[PDB]
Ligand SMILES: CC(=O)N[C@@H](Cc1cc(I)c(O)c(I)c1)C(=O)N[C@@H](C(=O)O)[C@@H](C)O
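We begin with a single chain expressed as structure tokens, specifically the form solved without the ligand.
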């Protein structure tokens, strides 16, 4: 097939799979890079270096303690033992979002992610590549120069809805009250396991819904650009609906076991008042979903 300093303030780190040999199709490899600095640094850019022939997708996470110590591992074992803050999502034939000017992820120091964990997913494998080494990964741009806007993730996950067997349509709803400084959403990622039909994200302010993003979870799960970023402010509600099918299923499915309904909202905040991670696992305002826009029920 290390560390490259660019100027006084900046430097570049590339996180590459260490010459792995995926044997078969639909296989996920995970690896880790500890952060070279112990002071706070800002990830301000990404360069993907994926072999076009065999790599379906790549995920970059930041987390305090990862799932394995070895040069690489299967991500079926896990990504991080702790919160995996997703930093980067690349998919073949997918728009990779470019962070807006002056946006950087805060890493290192007291609060910031200690490690990067790289996930590479390989979907198309020839059996006449029984011993070919791949060094797939991404290049990260770090600066110690402080950024005015800090990127972070609002993770919306449906902790319990059950899909009754054979129900053609089942709705998974998540809502939380926003009680922080203003967050500006520039991207979103939706995740689900093959019963999902559509995932839609909304800001609700004074009973008026504003769309963040709608996607089919069966498509490439990259980060989709929010064409005009949504401002989410204190006293707003974030509401999300996942649509599922119970069709063809013998038993009830759970959303530990079975299904997932996850919405990833990528945002920026003024550095002064910024926090990197927020989560919602509640549906505080269930009654409100009657008034949900009709678009949210329209499939893709």
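Numbering follows the first chain given and starts at 1.
The next section is about a form of this same protein that is not shown, the form solved in complex with the ligand.
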request  = Name the single residue among 157, 226, 170, 180 that comes within 4.5 Å of the ligand in the entry with it bound, judging by heavy atoms.
outcome  = 157
inquiry  = So the ligand isn't shown here. In the entry with it bound, which residue out of 214, 114, 141, 92 has a non-hydrogen atom within 4.5 Å of it?
reply    = 141
message = When the ligand is placed as it is in the entry with it bound, are 37, 49 and 189 each within 4.5 Å of it, taking any non-hydrogen atom of the residue?
response = yes
key: residue 161: touches the ligand in the entry with it bound, heavy atom cutoff 4.5 angstroms   = no
ask   = Is residue 262 close enough to the ligand in the entry with it bound to count, meaning some heavy atom within 4.5 Å?
value = yes
query = Would residue 267 sit within 4.5 Å of the ligand in the entry with it bound, counting heavy atoms only?
reply = no
inquiry  = Just checking whether residue 289 would be counted as a contact of the ligand in the entry with it bound - the rule being heavy atoms within 4.5 angstroms.
reply    = no
